[PDB]
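A short write-up of the structure that comes next.
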Amino acid sequence: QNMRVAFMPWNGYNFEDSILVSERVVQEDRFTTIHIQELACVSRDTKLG
Amino acid sequence: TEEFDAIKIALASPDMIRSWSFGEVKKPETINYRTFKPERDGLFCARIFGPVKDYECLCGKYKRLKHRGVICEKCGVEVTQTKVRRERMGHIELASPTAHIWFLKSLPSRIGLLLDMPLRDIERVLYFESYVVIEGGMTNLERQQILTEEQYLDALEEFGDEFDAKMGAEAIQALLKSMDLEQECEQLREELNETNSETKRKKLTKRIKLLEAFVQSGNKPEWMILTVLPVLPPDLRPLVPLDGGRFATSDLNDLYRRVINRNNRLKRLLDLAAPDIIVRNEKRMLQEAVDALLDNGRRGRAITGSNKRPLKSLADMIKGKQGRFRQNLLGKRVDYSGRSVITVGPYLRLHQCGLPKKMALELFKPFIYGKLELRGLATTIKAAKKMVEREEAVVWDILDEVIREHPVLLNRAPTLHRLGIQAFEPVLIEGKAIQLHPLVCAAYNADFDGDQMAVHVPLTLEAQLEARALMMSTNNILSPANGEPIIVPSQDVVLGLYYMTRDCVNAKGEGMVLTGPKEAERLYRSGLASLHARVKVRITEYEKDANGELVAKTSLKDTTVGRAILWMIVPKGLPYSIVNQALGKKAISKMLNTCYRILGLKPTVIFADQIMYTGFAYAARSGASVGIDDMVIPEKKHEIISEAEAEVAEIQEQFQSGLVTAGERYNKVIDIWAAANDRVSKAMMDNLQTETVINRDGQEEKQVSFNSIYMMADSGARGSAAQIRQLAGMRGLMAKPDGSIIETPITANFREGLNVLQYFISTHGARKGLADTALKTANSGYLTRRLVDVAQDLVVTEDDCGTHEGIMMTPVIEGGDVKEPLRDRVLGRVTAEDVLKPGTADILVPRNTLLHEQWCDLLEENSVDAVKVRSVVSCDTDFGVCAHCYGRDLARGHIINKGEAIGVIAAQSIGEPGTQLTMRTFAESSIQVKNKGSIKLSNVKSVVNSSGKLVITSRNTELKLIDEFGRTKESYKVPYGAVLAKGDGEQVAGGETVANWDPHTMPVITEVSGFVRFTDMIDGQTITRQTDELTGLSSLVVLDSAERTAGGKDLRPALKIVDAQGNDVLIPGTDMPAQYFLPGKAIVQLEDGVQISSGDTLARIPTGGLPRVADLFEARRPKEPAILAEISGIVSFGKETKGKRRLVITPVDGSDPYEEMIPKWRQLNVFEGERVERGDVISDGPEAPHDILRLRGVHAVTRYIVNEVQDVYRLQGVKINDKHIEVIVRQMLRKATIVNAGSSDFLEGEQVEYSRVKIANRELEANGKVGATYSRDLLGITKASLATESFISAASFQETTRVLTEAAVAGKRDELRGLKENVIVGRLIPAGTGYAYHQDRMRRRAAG
Amino acid sequence: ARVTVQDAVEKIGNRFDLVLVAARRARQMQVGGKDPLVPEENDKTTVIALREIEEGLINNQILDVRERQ
Amino acid sequence: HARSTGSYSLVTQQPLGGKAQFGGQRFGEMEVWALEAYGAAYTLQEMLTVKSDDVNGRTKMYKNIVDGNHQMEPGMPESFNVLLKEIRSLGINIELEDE
DNA sequence: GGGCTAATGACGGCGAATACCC
RNA sequence: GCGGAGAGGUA
DNA sequence: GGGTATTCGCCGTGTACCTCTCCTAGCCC
Ligand SMILES: Nc1ccn([C@@H]2O[C@H](COP(=O)(O)CP(=O)(O)OP(=O)(O)O)[C@@H](O)[C@H]2O)c(=O)n1
Ligand SMILES: [Mg+2]
Ligand SMILES: [Zn+2]
Ligand SMILES: [Zn+2]
């Protein structure tokens, strides 16, 4: 997604390649992804039953 | 746990194997796969190895703990704890005695040479193709004769009796049992006493050493052949049941099953008395199975079922990276550890780190439980667990309280040097990322672009003290490699500080006078003055001139507002001048440096934090950005490019006509393009650099611009001039795959757009760089691993050995100027003896004193040129080094402390740069004196001719430069035949051309004049006269020894120098008949009939980095070594043209018989009738350190290595202190070889330490008698590590099989004495905090 | 938090047995056989022992005399 | 990811490697060298035995920490014993001597 | 589903094992 | 469900 | 036979971490 960036050092919170982000980005819920895990329970046939 | 020491290794006897074993494993089955109970007598057997489940028999008759020694009557399984199933070993009784592959296939085949029979024969026997006649009675056959099938047949038919022969490993065992060790040893010694020939003497000495090892160690040779084979405890080779009725098994289970199968089938065949052929086949098969068990891979590589990968044998488990010592015994996987992504966290103090709440809770769980139980918040431990798993407010309060002073260790994946692990005090934060203090990133090489870090928790009280005292971030500000600071501000801080301190011609609040920095900030923050504007401010600086007292001087300085604002932070002791300048990267770094040297640690820490905060703040206030217009295309670029294109077009057209070759055109084009690139670069830098033409009150003026990209470049925050060029200029020339440079460069830049071709080319460049970094990284990691390995055991053990020895340290003046000054080269080394002022009896430095900054500056005030300093290599201490011989340099400032492991610090400091630099990468015609000085010639003997030249007749001639006050500024090496201008004494003006020479041509210089007379240069045999007319042109070719034709091989053409009358003019003072052997490629242009001038041209003659460092440290003969002289005296020639010309050095005093062969191609630099010194150069080329050590001695080779390595390292601009290279060199030459006799075996390679204690023992004895006299040896770090005393150290990283086999046969005993072994055994290292412990143990032995 | 131990290492210049004496003292302090000679400011016992060392009250010899007493 | 204590491996009694199973970080040989470069003997010692490989040491240390004491005994790492047993499994007798 | 039996695409370095030249 | 192969990725 | 080249074969080739599939084999009743 395309967001409004400004190139400047902002009290060393973007010191190294790190990135500063505005709470508005989380408010608009625009970098929230859905992930999906699969889990499996297997019931086999043992000789005890 | 017992308190032990001395790990002993030896051959296992069959009785010992029976001793370890609790039962025989007869059948290969393991488990019933139906009922998971194990086998009755199988790889997994309860009656042999132990009960599967704690304290309960298989059949279930006995289950109570009450029974502890009973063995159930139904199942013969004893009732004990299942843990024993991890230690109980089994055994297999082999029907046919089998050979142990390790003792056979190991490069020196010990079965082979022990029997003095080549390996080929052993192979013939083992694969059952041929026999060997063991004691074949009264016939015509010896005792180790290999016999083929039908030779055995005809022998047997002829000789029915007195013929005992057998086959296979059992035959070999028969040979081994019947051998008389001591008798053969004495016979062998007698043979050596009668035999004098090189190769046989070496093989013979090898055999006697093997025999001595057997008779001393107590191993009997027959034990190399296995009869009983032990089987590993089951839990060490598990057969785990995968979920789903399937099983997962180690490959050892497969190999053991195969061995048992072949053994049982061979047993059955023997019980059936099957024909010989089948039992022989079965014995062969059993051999393969067993040797696959022992070491799979020295045969047909028995692959596994349906997987094509070769399965892993026991030897594979030990040897190799993935297997063992490296993997599980030096590389464990700790508890109380975590990992996460690192983040900035600017607000942190230098000594702290942001740690996520949830990670902190998880790590410190048991601490939490303890504190919870102490306060009574939880009745029992399970309630504490439940309370932690709910995570109630009380839990977070307890976490805050326990975390308070508890420090954690932060580590970043490539722990290159010791600053890759540092301790911090954690501060609980939200989030899942670890927050890392910015200043320490440089130490970690950490970047916030997805780098992760691991966090360990020191548990014990001792660990806490070690982390907080020795390892904490604030205690490590100086790099252990060189003395310079590690925590220097990196990019935003330095950019902000630069912006703040730079001044501008005219701004708001120009030229107003301020009473102090405080109102400067009042003015700036209120917007009544620019952050940079020239102003007069009153400031009170403090200076500690007295004995630690601070004196305030308060005056008016002319500065900027910003510089005052910055001055607010600066601690008391520092002069104002420090901040008054532009304050870029270098300036800030040296600021921190001075703050450390003057004030000390704590003020430096606090000042660094302040620097970070102010830099970040004012960088943010600056608003520095990067727009497309911020990078200014030079206005005159297009003109420069069009001009260069016109020039290339003109040169190409003038080529197509054919007056210049292709190579000449190539060179010209490349040079003109390089010139155009430099021109455009300089124009762009002029445009961009000082472009702010802003106006003062009236007229205009010009100043260093405020272009954001320019400030980032100039400040040293990011980018160099080169990258600026690549942005705004033309991006220079490129290299094609093979290294050749494309004729047309890439004229476009990233501000503009490249096109497909230019992009593609730069793509090649980038790809090549990335591949290089990856390959280099692997090579460097190997090199540093070898380094840390070789030097691990070296520790500073003694305070002062008290030796007078030392190395003569000079400033390295390579050619043009002083690449490295004295002060850093000598800083922190103790002196070997007092150095005197330029006037005798004026001692400037007492006997050994540590040379700290003040002494070094004092030496700068005087004009001392060379200082003898104690070096680690010459240190006298036994089993380690002494503090004084080492010096001070550390992360702290003081003399080295007793106990410190200098080996590992040296190895790490020498290896980190090599890996780091690869990531970072991602003619000599005339001499030109640089500074006004006197010329001085060293090691020369000239004879002035009529033309007035100081003719150089010595190959080792040097031309140094003495300055006004007696100092050698410049130094050059002048070869034979170099035209000279000024002789000795003359004062040379600044930058005047004193010499001249042909770039691609070394002339041979005649000393006298007259006619050239041809002697033994007969026409047709070795030379072909093709001569031109009167003007004296010819093509007479005097070829060298190698290139001489087949007929003119022995006929040596010569040139006698005669005068106009005919008589050969003789060299002044000497009677020698001048017989000039024309050297290689002697083009005799000036034919007979032209009076030779002094200087006629006789013959025209037209690696670095990581591999070079690795080669120097491995001491690799560079395949074309230069040659040196052994003794002095008249050299002479000898028996001519055998295929390698003989040179016999004849000493005037010593014995003559030293002959050295020389290949034909070699040219000699010395005359026959010359006075050579020991170790002078005879041939040109790289010299192998071995020769330098042997002839010149220790200090010469160590100086050579140190300088040659330091050259490579400084070429890349990485500064390393010489002490580390010195420590490595000292570790290299740990060994000597004895030349005299008296207590040793007269030739054994033995470490110099034992030899020195042997000499001390002879001195202690009332009669010294023979003593021990020895010769030093220099070994490359791999071999040097291979010849270590401890066998665990050597097995830890090299071929495990070889060293293990050597130690097993030798019966070697390891007292551990070192670091890596002590690590492996899991006890305290003898270095640092644990040194005392080991010292205590030293007192514990041989005491009451 | 005690950010620098520079004065404690200036007391004993080896910088290694400093750790040993401080560990012995802090171990006598944690398992409550002894009492701190300095008013604690909610520090844990490690930093307490370092704070005591830097003030000159405790070293190895004081430990030996007090233990035999 | 973080762990205090959890499941350990079968043959060499070191804690599992990984994230799926709790798993500890690998204090590799380079990290060992880093600790050796300091005079950090006790940290390396605990890291080598009590933190990963020594069974009795790890359980005694858990109990000791819970009890609020931080002392510890080091003992011999189990992986070394596995090494001894494996080398002894060859025809090589390697014994831990005593005097 | 269950039971039983038994090939080719690295490279360097180094040191030992023949090939051969007297 | 400890392990080991193969594949991919991170720094 | 003894020294010198030349082939030959073994040993090594950076760390830390994170995902996925697949694991003794084959044939007949
Ligand atoms: N295959 C790899 C790739 C990287 N690394 C390591 O990860 C870091 C990346 O450096 P880097 O070059 O990516 C950034 P930096 O070094 O700080 O320079 P720059 O910011 O001016 O661009 C380095 O410490 C490497 O040692 C590794 O161990 N194996
Ligand atoms: Mg990074
Ligand atoms: Zn039973
Ligand atoms: Zn010394």
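Note on naming: chains are A, B, ... as they come in the structure tokens, residues start from 1 per chain, ligands start from 1 in the order shown.
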
message = Set the cut-off to 9 Å and count only C-alpha atoms: what are the residues of chain B that reach chain A? Output as a PyMOL selection string.
response = chain B and resi 34-35+244-245+343-346+438+446-450+491-493+496+612-613+615-627

Selection from above, N, CA and C atoms, as a JSON list (two decimals), in the first residue's frame, can you write it?
[["chain", "number", "residue", "atom", "x", "y", "z"],
["B", 34, "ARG", "N", 5.74, -54.87, 16.58],
["B", 34, "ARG", "CA", 4.36, -55.17, 16.97],
["B", 34, "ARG", "C", 4.13, -54.84, 18.44],
["B", 35, "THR", "N", 4.84, -55.54, 19.32],
["B", 35, "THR", "CA", 4.97, -55.18, 20.72],
["B", 35, "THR", "C", 6.32, -54.50, 20.91],
["B", 244, "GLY", "N", 2.81, -43.00, 14.35],
["B", 244, "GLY", "CA", 2.27, -43.63, 13.16],
["B", 244, "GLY", "C", 2.85, -44.99, 12.87],
["B", 245, "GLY", "N", 3.21, -45.73, 13.92],
["B", 245, "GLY", "CA", 3.70, -47.09, 13.79],
["B", 245, "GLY", "C", 5.01, -47.26, 13.04],
["B", 343, "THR", "N", 15.72, -3.12, 17.53],
["B", 343, "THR", "CA", 15.07, -1.86, 17.23],
["B", 343, "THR", "C", 15.84, -0.73, 17.91],
["B", 344, "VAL", "N", 15.53, 0.51, 17.53],
["B", 344, "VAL", "CA", 16.41, 1.64, 17.81],
["B", 344, "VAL", "C", 16.41, 1.97, 19.30],
["B", 345, "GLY", "N", 15.32, 2.50, 19.83],
["B", 345, "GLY", "CA", 15.29, 2.87, 21.22],
["B", 345, "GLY", "C", 16.34, 3.92, 21.52],
["B", 346, "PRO", "N", 16.14, 5.15, 21.03],
["B", 346, "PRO", "CA", 17.15, 6.19, 21.26],
["B", 346, "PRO", "C", 17.21, 6.63, 22.70],
["B", 438, "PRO", "N", 21.66, 2.82, 20.15],
["B", 438, "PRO", "CA", 22.26, 3.09, 18.83],
["B", 438, "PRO", "C", 23.77, 3.05, 18.85],
["B", 446, "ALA", "N", 25.51, -3.98, 13.83],
["B", 446, "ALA", "CA", 24.07, -4.17, 13.80],
["B", 446, "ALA", "C", 23.43, -3.08, 12.96],
["B", 447, "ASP", "N", 22.42, -3.46, 12.20],
["B", 447, "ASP", "CA", 21.63, -2.54, 11.40],
["B", 447, "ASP", "C", 20.16, -2.86, 11.63],
["B", 448, "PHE", "N", 19.32, -1.84, 11.68],
["B", 448, "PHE", "CA", 17.89, -2.08, 11.91],
["B", 448, "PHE", "C", 17.20, -2.23, 10.56],
["B", 449, "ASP", "N", 17.48, -3.36, 9.93],
["B", 449, "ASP", "CA", 16.84, -3.77, 8.68],
["B", 449, "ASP", "C", 16.49, -5.24, 8.73],
["B", 450, "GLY", "N", 15.96, -5.68, 9.86],
["B", 450, "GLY", "CA", 15.65, -7.07, 10.06],
["B", 450, "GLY", "C", 16.71, -7.89, 10.74],
["B", 491, "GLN", "N", 25.62, 7.80, 12.17],
["B", 491, "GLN", "CA", 25.16, 8.57, 11.02],
["B", 491, "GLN", "C", 24.21, 9.74, 11.32],
["B", 492, "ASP", "N", 23.10, 9.48, 12.01],
["B", 492, "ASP", "CA", 22.21, 10.58, 12.40],
["B", 492, "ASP", "C", 22.87, 11.49, 13.41],
["B", 493, "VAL", "N", 23.49, 10.91, 14.44],
["B", 493, "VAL", "CA", 24.15, 11.72, 15.45],
["B", 493, "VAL", "C", 25.17, 12.65, 14.80],
["B", 496, "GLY", "N", 23.52, 15.38, 12.68],
["B", 496, "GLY", "CA", 22.94, 16.41, 13.52],
["B", 496, "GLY", "C", 24.00, 17.32, 14.11],
["B", 612, "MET", "N", 24.87, 11.61, 21.63],
["B", 612, "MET", "CA", 23.81, 10.95, 20.89],
["B", 612, "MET", "C", 22.53, 11.76, 20.95],
["B", 613, "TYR", "N", 22.13, 12.15, 22.16],
["B", 613, "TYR", "CA", 20.86, 12.85, 22.32],
["B", 613, "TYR", "C", 20.85, 14.15, 21.55],
["B", 615, "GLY", "N", 22.75, 15.10, 19.05],
["B", 615, "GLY", "CA", 22.83, 14.86, 17.62],
["B", 615, "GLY", "C", 21.49, 14.46, 17.04],
["B", 616, "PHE", "N", 20.81, 13.52, 17.70],
["B", 616, "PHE", "CA", 19.49, 13.10, 17.24],
["B", 616, "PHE", "C", 18.52, 14.27, 17.24],
["B", 617, "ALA", "N", 18.45, 15.00, 18.36],
["B", 617, "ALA", "CA", 17.54, 16.12, 18.48],
["B", 617, "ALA", "C", 17.74, 17.12, 17.36],
["B", 618, "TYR", "N", 18.97, 17.60, 17.19],
["B", 618, "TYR", "CA", 19.20, 18.66, 16.23],
["B", 618, "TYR", "C", 19.19, 18.16, 14.79],
["B", 619, "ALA", "N", 19.46, 16.87, 14.56],
["B", 619, "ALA", "CA", 19.19, 16.30, 13.25],
["B", 619, "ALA", "C", 17.71, 16.37, 12.93],
["B", 620, "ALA", "N", 16.86, 16.06, 13.91],
["B", 620, "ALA", "CA", 15.42, 16.16, 13.68],
["B", 620, "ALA", "C", 15.00, 17.60, 13.45],
["B", 621, "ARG", "N", 15.56, 18.53, 14.21],
["B", 621, "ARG", "CA", 15.22, 19.94, 14.01],
["B", 621, "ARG", "C", 15.73, 20.44, 12.67],
["B", 622, "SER", "N", 16.84, 19.89, 12.19],
["B", 622, "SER", "CA", 17.40, 20.32, 10.92],
["B", 622, "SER", "C", 16.45, 20.05, 9.77],
["B", 623, "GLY", "N", 15.83, 18.88, 9.75],
["B", 623, "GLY", "CA", 14.96, 18.57, 8.65],
["B", 623, "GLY", "C", 15.73, 18.24, 7.39],
["B", 624, "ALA", "N", 16.81, 17.49, 7.51],
["B", 624, "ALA", "CA", 17.63, 17.21, 6.34],
["B", 624, "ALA", "C", 16.92, 16.15, 5.52],
["B", 625, "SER", "N", 16.79, 16.40, 4.22],
["B", 625, "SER", "CA", 16.09, 15.49, 3.34],
["B", 625, "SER", "C", 16.88, 15.35, 2.06],
["B", 626, "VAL", "N", 16.29, 14.66, 1.09],
["B", 626, "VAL", "CA", 16.95, 14.36, -0.17],
["B", 626, "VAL", "C", 15.91, 14.45, -1.27],
["B", 627, "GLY", "N", 15.99, 15.52, -2.06],
["B", 627, "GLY", "CA", 15.10, 15.70, -3.19],
["B", 627, "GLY", "C", 15.92, 15.43, -4.44]]

task = Residues within 8 Å of ligand 3, counting only C-alpha atoms (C1' of nucleotides) and all ligand atoms: report them as a count of residues only.
result = 14

key: Backbone-only DSSP, strand (DSSP E) members of chain D, as a ChimeraX atom specification   = /D:2-3,92-96

I need the residues from that last selection saved to file as a compact mmCIF listing (two decimals), in the first residue's frame (with N, CA and C atoms), if you can.
# COMPACT_ATOMS: atom_id res chain seq x y z
N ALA D 2 11.46 -17.15 23.39
CA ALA D 2 12.25 -17.27 24.60
C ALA D 2 11.87 -18.55 25.33
N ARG D 3 12.83 -19.10 26.08
CA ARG D 3 12.59 -20.27 26.91
C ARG D 3 13.39 -20.17 28.19
N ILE D 92 39.48 -47.83 20.35
CA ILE D 92 40.32 -46.88 21.07
C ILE D 92 39.86 -46.82 22.52
N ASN D 93 40.76 -47.12 23.44
CA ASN D 93 40.49 -46.99 24.87
C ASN D 93 40.85 -45.57 25.27
N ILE D 94 39.85 -44.78 25.64
CA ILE D 94 40.07 -43.42 26.13
C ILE D 94 39.44 -43.32 27.51
N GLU D 95 40.28 -43.11 28.52
CA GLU D 95 39.85 -43.13 29.91
C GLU D 95 40.13 -41.79 30.57
N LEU D 96 39.25 -41.43 31.50
CA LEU D 96 39.44 -40.27 32.36
C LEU D 96 40.30 -40.68 33.56

Show me, as a compact mmCIF listing (two decimals) with N, CA and C atoms (P, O5', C5', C4', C3', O3' and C1' of nucleotides), in the first residue's frame, every residue of chain E with an atom at most 10 Å from chain B, counting only C-alpha atoms (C1' of nucleotides).
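Result file result-v3.txt:
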# COMPACT_ATOMS: atom_id res chain seq x y z
P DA E 6 16.50 -64.86 4.36
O5' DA E 6 17.44 -63.92 3.47
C5' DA E 6 16.85 -63.17 2.42
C4' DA E 6 17.52 -61.81 2.23
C3' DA E 6 18.94 -61.72 2.79
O3' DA E 6 19.71 -60.81 2.01
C1' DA E 6 17.62 -60.13 3.85
P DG E 13 47.51 -23.29 -3.41
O5' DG E 13 47.76 -24.29 -2.19
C5' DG E 13 46.91 -24.27 -1.07
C4' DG E 13 47.39 -25.26 -0.03
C3' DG E 13 48.87 -25.60 -0.12
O3' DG E 13 49.40 -25.68 1.20
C1' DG E 13 47.55 -27.57 -0.36
P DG E 15 53.30 -31.20 4.37
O5' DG E 15 53.34 -32.76 4.72
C5' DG E 15 52.12 -33.47 4.94
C4' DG E 15 52.12 -34.77 4.16
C3' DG E 15 53.50 -35.40 3.94
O3' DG E 15 53.40 -36.81 4.10
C1' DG E 15 52.42 -35.16 1.90
P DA E 16 54.70 -37.68 4.47
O5' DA E 16 54.38 -39.12 3.84
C5' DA E 16 53.07 -39.67 3.98
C4' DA E 16 52.63 -40.39 2.71
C3' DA E 16 53.60 -41.44 2.18
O3' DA E 16 52.85 -42.53 1.67
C1' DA E 16 53.11 -39.91 0.49
P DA E 17 53.52 -43.97 1.45
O5' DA E 17 52.82 -44.49 0.11
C5' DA E 17 52.36 -43.55 -0.84
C4' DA E 17 52.16 -44.20 -2.19
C3' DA E 17 53.10 -45.34 -2.49
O3' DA E 17 52.65 -46.03 -3.64
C1' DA E 17 53.84 -43.42 -3.61

task = Select all residues from chain C having any atom no more than 12 Å from an atom of chain D (counting only C-alpha atoms, ignoring ligands), output as JSON, numbers by chain.
result = {"C": [14, 15, 16, 17, 18, 19, 20, 23, 24, 26, 27, 28, 29, 30, 31, 32, 45, 46]}

Written selection (N, CA and C atoms) as a short mmCIF file (atom, residue, chain, number, x, y, z; two decimals), in the first residue's frame:
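Final file, again_21.cif:
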data_model
loop_
_atom_site.label_atom_id
_atom_site.label_comp_id
_atom_site.auth_asym_id
_atom_site.auth_seq_id
_atom_site.Cartn_x
_atom_site.Cartn_y
_atom_site.Cartn_z
N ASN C 14 43.89 -5.94 38.74
CA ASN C 14 43.80 -7.11 37.89
C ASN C 14 42.49 -7.14 37.12
N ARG C 15 41.42 -6.61 37.71
CA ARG C 15 40.13 -6.47 37.04
C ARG C 15 39.44 -7.83 36.90
N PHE C 16 40.13 -8.91 37.28
CA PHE C 16 39.54 -10.24 37.27
C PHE C 16 39.21 -10.75 38.66
N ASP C 17 40.18 -10.76 39.58
CA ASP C 17 39.88 -11.16 40.94
C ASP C 17 38.96 -10.17 41.64
N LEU C 18 38.82 -8.96 41.10
CA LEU C 18 37.71 -8.09 41.49
C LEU C 18 36.40 -8.85 41.44
N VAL C 19 36.18 -9.58 40.34
CA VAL C 19 34.94 -10.32 40.17
C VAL C 19 34.83 -11.39 41.23
N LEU C 20 35.95 -12.01 41.58
CA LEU C 20 35.92 -13.09 42.56
C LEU C 20 35.59 -12.56 43.95
N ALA C 23 32.06 -11.54 44.06
CA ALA C 23 31.16 -12.69 44.09
C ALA C 23 31.11 -13.32 45.47
N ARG C 24 32.26 -13.48 46.11
CA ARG C 24 32.27 -14.01 47.47
C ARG C 24 31.44 -13.12 48.40
N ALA C 26 29.01 -10.96 47.63
CA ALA C 26 27.59 -10.97 47.29
C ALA C 26 26.95 -12.31 47.60
N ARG C 27 27.75 -13.38 47.64
CA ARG C 27 27.23 -14.68 48.04
C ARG C 27 27.09 -14.78 49.55
N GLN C 28 27.99 -14.16 50.31
CA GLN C 28 27.76 -14.04 51.75
C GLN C 28 26.55 -13.16 52.04
N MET C 29 26.22 -12.25 51.14
CA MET C 29 25.08 -11.37 51.37
C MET C 29 23.76 -12.04 51.01
N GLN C 30 23.71 -12.75 49.88
CA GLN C 30 22.44 -13.33 49.44
C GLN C 30 21.96 -14.40 50.42
N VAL C 31 22.72 -15.49 50.56
CA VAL C 31 22.44 -16.43 51.64
C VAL C 31 22.77 -15.73 52.95
N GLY C 32 21.74 -15.37 53.71
CA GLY C 32 21.82 -14.30 54.68
C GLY C 32 22.69 -14.60 55.88
N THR C 45 21.85 -7.72 45.20
CA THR C 45 23.04 -7.92 46.01
C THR C 45 24.33 -7.82 45.21
N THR C 46 24.29 -8.05 43.90
CA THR C 46 25.48 -7.85 43.09
C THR C 46 25.90 -6.39 43.10
#

Excluding segment 35-42 of chain C and its own-chain neighbours fewer than 6 positions away, which residues fall within 10 Å of it when counting only C-alpha atoms (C1' of nucleotides)? Please give them as an mmCIF file with N, CA and C atoms, in the first residue's frame.
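That gives us selection37.cif:
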data_model
loop_
_atom_site.group_PDB
_atom_site.id
_atom_site.type_symbol
_atom_site.label_atom_id
_atom_site.label_comp_id
_atom_site.auth_asym_id
_atom_site.auth_seq_id
_atom_site.Cartn_x
_atom_site.Cartn_y
_atom_site.Cartn_z
ATOM 1 N N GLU B 401 10.711 -6.185 39.859
ATOM 2 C CA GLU B 401 11.622 -6.183 40.999
ATOM 3 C C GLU B 401 12.828 -7.088 40.770
ATOM 4 N N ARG B 404 15.476 -5.871 38.204
ATOM 5 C CA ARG B 404 16.033 -4.565 38.541
ATOM 6 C C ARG B 404 17.497 -4.447 38.156
ATOM 7 N N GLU B 405 18.347 -5.251 38.781
ATOM 8 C CA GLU B 405 19.774 -5.182 38.524
ATOM 9 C C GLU B 405 20.287 -6.387 37.752
ATOM 10 N N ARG C 25 31.632 -11.803 48.316
ATOM 11 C CA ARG C 25 30.883 -10.910 49.193
ATOM 12 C C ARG C 25 29.389 -10.994 48.906
ATOM 13 N N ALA C 26 29.009 -10.964 47.628
ATOM 14 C CA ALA C 26 27.593 -10.969 47.292
ATOM 15 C C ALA C 26 26.954 -12.312 47.601
ATOM 16 N N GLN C 28 27.992 -14.156 50.310
ATOM 17 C CA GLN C 28 27.758 -14.036 51.746
ATOM 18 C C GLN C 28 26.550 -13.164 52.042
ATOM 19 N N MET C 29 26.220 -12.246 51.139
ATOM 20 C CA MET C 29 25.080 -11.370 51.372
ATOM 21 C C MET C 29 23.760 -12.039 51.005
ATOM 22 N N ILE C 48 25.057 -4.154 45.067
ATOM 23 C CA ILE C 48 25.380 -3.760 46.435
ATOM 24 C C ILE C 48 26.834 -4.080 46.736
ATOM 25 N N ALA C 49 27.273 -5.287 46.376
ATOM 26 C CA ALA C 49 28.655 -5.650 46.653
ATOM 27 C C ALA C 49 29.626 -4.784 45.863
ATOM 28 N N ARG C 51 29.049 -1.647 44.932
ATOM 29 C CA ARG C 51 28.984 -0.357 45.604
ATOM 30 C C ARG C 51 29.811 -0.370 46.883
ATOM 31 N N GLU C 52 29.846 -1.512 47.572
ATOM 32 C CA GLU C 52 30.665 -1.615 48.774
ATOM 33 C C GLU C 52 32.142 -1.651 48.415
ATOM 34 N N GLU C 55 33.641 1.787 47.627
ATOM 35 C CA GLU C 55 33.795 2.652 48.788
ATOM 36 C C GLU C 55 34.937 2.231 49.705
ATOM 37 N N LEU C 57 35.408 -0.392 51.679
ATOM 38 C CA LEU C 57 35.173 -1.137 52.912
ATOM 39 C C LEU C 57 35.602 -2.594 52.823
ATOM 40 N N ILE C 58 35.504 -3.215 51.652
ATOM 41 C CA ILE C 58 35.702 -4.653 51.512
ATOM 42 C C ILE C 58 36.760 -4.919 50.452
#

inquiry  = Neighbours of ligand 1 at 8 Å or closer, counting only C-alpha atoms (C1' of nucleotides) and all ligand atoms: which residues, as a list in words?
reply    =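 Based on only C-alpha atoms (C1' of nucleotides) and all ligand atoms, ligand 1 is surrounded within 8 Å by residues 413, 414, 444, 445, 446, 447, 451, 718, 773, 774, 777, 915, 916, 919, 920 and 922 of chain B; 11 of chain F; 14 and 15 of chain G.
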